[PDB]
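Lettering follows sequence order; numbering is per chain, from 1.
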Amino acid sequence: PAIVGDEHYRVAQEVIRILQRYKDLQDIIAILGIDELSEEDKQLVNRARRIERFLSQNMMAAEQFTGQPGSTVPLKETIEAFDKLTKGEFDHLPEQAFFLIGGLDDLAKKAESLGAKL
Amino acid sequence: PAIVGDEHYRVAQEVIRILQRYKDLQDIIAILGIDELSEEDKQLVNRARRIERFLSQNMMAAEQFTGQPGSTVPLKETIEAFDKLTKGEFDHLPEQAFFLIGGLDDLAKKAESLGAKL
Amino acid sequence: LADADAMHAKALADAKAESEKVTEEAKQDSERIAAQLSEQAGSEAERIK
Amino acid sequence: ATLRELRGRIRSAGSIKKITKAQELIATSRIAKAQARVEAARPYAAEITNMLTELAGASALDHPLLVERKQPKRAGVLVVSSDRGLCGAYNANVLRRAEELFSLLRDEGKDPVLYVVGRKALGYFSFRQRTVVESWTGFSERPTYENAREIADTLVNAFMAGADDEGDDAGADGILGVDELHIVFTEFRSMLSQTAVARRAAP
Amino acid sequence: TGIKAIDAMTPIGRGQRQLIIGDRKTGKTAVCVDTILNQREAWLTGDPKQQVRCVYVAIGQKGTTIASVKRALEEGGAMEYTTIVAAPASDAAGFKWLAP
Amino acid sequence: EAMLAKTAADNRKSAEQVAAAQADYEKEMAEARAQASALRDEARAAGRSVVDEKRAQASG
Amino acid sequence: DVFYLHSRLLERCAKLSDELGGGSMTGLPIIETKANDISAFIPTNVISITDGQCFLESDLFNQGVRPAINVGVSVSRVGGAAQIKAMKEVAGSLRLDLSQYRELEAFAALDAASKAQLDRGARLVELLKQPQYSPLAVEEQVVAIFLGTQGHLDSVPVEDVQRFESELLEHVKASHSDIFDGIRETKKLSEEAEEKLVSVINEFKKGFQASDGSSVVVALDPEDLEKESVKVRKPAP
Amino acid sequence: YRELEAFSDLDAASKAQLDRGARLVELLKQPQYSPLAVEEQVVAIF
Ligand SMILES: Nc1ncnc2c1ncn2[C@@H]1O[C@H](COP(=O)(O)OP(=O)(O)OP(=O)(O)O)[C@@H](O)[C@H]1O
Ligand SMILES: [Mg+2]
C-alpha cells in the first residue's frame with residue numbers, strides 16, 4: 001500500500017484471496033464438481049473463474065498467432081474493473097465474456113456479442 | 001493379555017480398532033462429509049474423536065506451555081474410562097470436554113463447565 | 001392501553017436521554033482522540049528533525 | 001515427503017472411488033424403487049381425474065379455486081428440492097427454473113411468495129435472503145401422501161385467503177394470501193432426461 | 001516482536017533461537033525487520049538491562065535488497081542500535097559461509 | 001357494540017404500539033450510535049490529515 | 001558436517017548466568033523452503049537446532065492471514081517463561097485452541113459446542129492478523145488477546161473484529177490509559193484492572209457499528225409453463 | 001466379500017455373501033502361540 005496506493009493494494013489482495021480460495025477448493029471440485037459447495041463457495045468459485053479469465057489479455061505480440069490486435073488497459077481502469085469483479089458486479093455475464101479482452105468496454109462488447117448485456 | 005490382563009488388553013485393542021476405522025473414514029468425511037456415513041460409522045466417528053481427545057493429557061512438564069498444572073491418572077481408572085468410551089457411555093458430552101484432562105472426575109468437571117452433565 | 005402508553009412514553013424519554021449521553025460521550029472521545037493523535041504527530045515531527 | 005503425500009492421496013482417492021461406486025449402485029436401485037412408487041400412484045390419479053371430469057361435466061364451474069382473479073399481484077410458488085447434496089445439478093437446475101419463474105412473475109407485475117421442500121433450496125434462499133413462508137424437509141427421498149397433503153392444504157389455504165385481499169390488505173379474511181399456485185420440480189422424463197419444470201397448479 | 005501472532009503463541013525470550021522458516025515471499029524478512037524495529041523504545045530508555053542491540057546478517061542477498069533493509073531500519077530509527085553484516089550475492093562463497 | 005369493537009381495537013393497537021415504541025427506542029439508539037461513530041471517524045480523519053501535514057512540513 | 005556448521009553457530013546464542021554478566025543473544029535464523037518442503041535436508045537440520053519455529057505459508061498469506069503463521073506447526077520451546085504475567089494469563093492456551101479450531105474447521109468443512117468453537121476460532125484468527133510496520137506494544141497486545149480469549153468478540157461480527165480491536169485500543173489509549181500503564185508497569189493484569197477493562201469494553205460496545213450497522217452489544221416463457229386443467233365432456237359453450 | 005465390503009438393499013445372494021465373508025474373516029483369526037492341528041483346522045474351515 002505504500003507504493004501502489006491503498007485501493008490498488010486492496011483490489012490486488014482481494015483478487016489473490018479469491019483465487020487462493022478457488023485453488024483450495026480445486027480438490028473438492030475435481031471430484032464432485034461445483035454443486036457440493038456451499039452457496040458462499042459457489043459464488044466465490046464463479047467469481048474466481050471470471051477473474052482468472054479476465055486476467056488473460058489479447059497481447060500485442062499475440063496477433064501473429066491469432067490475428068487479433070492487442071489491447072492496452074490503463075492501470076486505473078484495471079483497478080476499477082477488478083474491484084467490480086471482486087464485488088460481483090459482472091457475475092451475470094458469461095465466463096467467456098471475460099476471455100482475451102482489454103478493459104470494460106471490450107467486456108461490454110464481447111458480452112453483448114455472446115448475448116448478455118453489461 | 002498374559003502380562004497386562006484380559007480387561008486392559010481388550011480395552012486397548014478396541015481403542016486401536018476404533019481409531020483405525022476412524023483413520024480409514026477420515027478422508028471420506030473430508031470429501032463427502034460425515035452425513036453420508038452409515039449410522040454405525042457416524043457413531044464410531046463420534047466415539048473415535050472423543051477417544052483421541054481423551055488420550056491427550058495435561059502433562060506435569062507441559063505447564064510452562066499451557067499454564068495448566070498436570071494430572072496423573074491411575075491405570076485402573078484409565079482402563080475403566082476407556083472401556084466406557086468404547087462402549088459409548090460418554091457420547092452425550094461435547095468432544096471438547098475430553099481435551100487435556102486427567103481421569104473421569106476431570107471429565108465431569110470440564111463437562112459441567114461446558115454445560116454438559118456426567 | 002394505559003400501561004402501553006406509559007411504557008412507550010418512558011421508553012422514548014429514556015431513549016432521548018441515552019442518545020444525549022452517548023452523543024456527548026462520543027464528542028469527548030473524539031476530543032481525546034484528536035489530542036492524542038496531535039501528540040503522536042508532534043513526536044513524529046521531532047523524530048524527523 | 002512428496003512420495004508419502006502422493007501415496008496418502010492415492011489411498012484417499014481409492015476410498016472416495018469405492019464410496020462413490022457404492023452410492024451409484026444404491027442410487028440405481030433407488031431409481032427402480034421410485035419408479036415403482038410412481039406406478040403405484042398412477043391408478044388413483046387417473047381415476048380421480050375421471051371422477052373430477054364427471055363432476056365438472058355435471059355441475060357449474062364457479063369454484064373460487066377454478067376461477068382466476070383480477071389484476072393479480074401475488075403468486076405462490078412451491079420449489080421442490082432435495083435434502084442430500086450428492087445429486088449433481090438437480091437442486092441447481094430446480095432453483096434456476098424457480099428463478100426463471102420469478103422473473104416471469106415479475107414481468108406480470110406479481111411478487112412471488114415462496115414455499116420450499118428440501119434443505120438445499122432452504123440454503124439457497126437463505127443465502128439470497130429471500131423469505132420462505134413455509135418449509136417442509138426430510139422426506140424428499142421417500143415422500144408420503146401425508147407430506148403432500150400437508151403441503152397442498154397449506155397452499156390451498158393461502159390461495160383461498162388471497163380471494164378477499166385488497167391491495168396489500170388481507171381484508172375480511174384477516175390473512176394475506178396469493179392469487180396463483182405454481183410448482184417448480186424435476187420431471188422424470190426418462191432414465192437419461194430429468195427436466196425442471198414450472199407447472200401452475202392453481203387456479 | 002510487536003507481532004501478536006508471535007508474542008502470544010510462539011513467544012521469543014532473550015537468549016532463545018527462534019527459526020523463521022518458510023517459502024519465498026511469505027514474510028520472513030518482514031517479521032525479522034519488524035522485530036528489530038520494535039526494540040526502538042527499549043533503546044530509547046537508555047537502560048542496558050532493557051536495551052537490545054541488533055545484528056542483521058544478510059547472506060547471499062541482492063545488494064539493493066540489503067539497501068532496502070537498511071533504509072527501512074533508518075526510517076524507523078533502528079539503525080542507531082543495529083549492525084548489518086552484509087555478504088551479498090556478488091561475494092565469494094567464503095564471505096557467504098563466513099558472514100553468520 | 002361500540003365498546004366491544006373499541007376494546008378489540010384497543011388490544012390490537014396496544015400490542016402493535018408497544019412493539020412500535022420498542023422499535024422506536026432501538027431506532028433512536030441506532031441513530032445516536034451512528035452519530036457517535038461518524039464523529040469519531042471524522043475526528044480521526046482530521047487527526048490523520050494534521051499528522052500528514054506536519055510530517056510533510058518537517059520533511060520540507 | 002553441514003549440521004555442525006549451523007549447530008555451533010546457533011548454540012552461541014545463549015542467556016548467560018549472572019556470574020557472566022547476565023547478557024544474552026537472541027537468534028532469529030531464517031530458512032527458505034522450496035514448495036513448502038520442510039522435510040528438505042537443511043530445513044530439517046535447523047528445525048532440530050533452534051528453540052522453536054515460526055512457520056510461514058504462502059497459502060495462509062494469500063488467504064489474508066498475515067503474518068502467515070501456521071499455528072499448528074509453529075511452537076516456542078520456552079513458552080510462558082518468555083512472556084510477562086499478563087500475556088501468560090490471557091494467552092495461556094491460545095495456540096492450542098487455534099490448533100484445535102483448525103482441526104475442527106477441517107472436520108466440519110453440528111452441535112452448539114462445535115458452532116461456538118468455530119465462531120471463537122474465526123474471531124481469534126481475525127484478531128491475530130496484523131499489517132506490516134504496525135507494531136503493538138506488549139500492553140496493547142495483552143488487551144487485544146484479552147478481547148479475544150475472554151469472549152468479548154463473540155458479539156462482534158467476524159469481518160469487524162480487526163476494526164473493533166483497533167478502535168477499542170485507540171479508545172483505551174485516548175481514555176482509560178491507566179490500564180495500559182498498569183499492565184506495562186506491573187507486568188500483570190490486576191483483578192480491579194481487569195474489571196475496569198471489562199466495563200470499558202462493554203461501554204465501548206454501545207458506540208460501535210458493525211459493517212451493516214448492527215449493534216454488537218450483547219423470464220420463463222409462458223408457453224413452457226404447463227397449466228393444470230379440468231377435463232369436461234361438454235360442447236364448447 | 002471384499003468386493004461387497006463397501007455395502008443392505010442388495011440381492012439375497014449378495015447379502016448372504018457379505019454375511020458369509022464376515023463369518024469367514026472372523027474364522028481365520030487366531031491368537032498367538034495357538035497353533036491348530038490340521039484336523040482341527042479342517043473342522044473349523046468346515
Ligand atoms: N504482515 C504483513 N502484511 C502485509 N504484507 C506483508 C506482511 N509481511 C510481509 N508482507 C509483504 O510480503 C512480501 C514478502 O515479504 P518479505 O520480503 O518479508 O518476505 P520473505 O519471505 O523474506 O521474502 P523473500 O523470499 O524475498 O526473501 C513483501 O511485499 C512484504 O511487504
Ligand atoms: Mg527475505
### Query
Any idea which of F/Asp24, F/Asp10, F/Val50 has the most non-hydrogen atom pairs under 4.5 angstrom with chain C?
F/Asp10
### Query
If you tally heavy-atom pairs under 4.5 Å against chain C, which of F/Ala15, F/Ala32, F/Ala20 wins?
F/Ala32
### Message
Does any part of the side chain of F/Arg33, heavy atoms only, come nearer than 4.5 Å to the side chain of C/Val22, both counted from C-beta?
### Response
no
Under 4.5 Å from any heavy atom of chain F, what part of [X] do you find: side chain, backbone, both or neither?
X       : answer
C/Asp5  : both
C/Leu1  : both
C/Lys27 : neither

Is [X] atom [atom1] crowded by more than 12 heavy atoms from other residues, nucleotides or ligands, each under 6.0 Å away?
X       : atom1 : result
F/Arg55 : CZ    : no
F/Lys13 : NZ    : yes
C/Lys16 : NZ    : no

Can you see which heavy atom on [X] is nearest to which on [Y], and at what distance?
X       : Y       : answer
F/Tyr25 : C/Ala15 : CD1-CB, 3.5 Å
C/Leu37 : F/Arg44 : CD1-O, 4.1 Å
F/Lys54 : C/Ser38 : NZ-O, 3.5 Å
C/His8  : F/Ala21 : ND1-CB, 3.1 Å

From [X] atom [atom1] to [Y] atom [atom2], the distance as rounded to the nearest 0.5 Å:
X       : Y       : atom1 : atom2 : result
C/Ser19 : F/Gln35 : OG    : CD    : 10.0 Å
F/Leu39 : C/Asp29 : CG    : CG    : 10.0 Å
F/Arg48 : C/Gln40 : CZ    : CD    : 8.0 Å

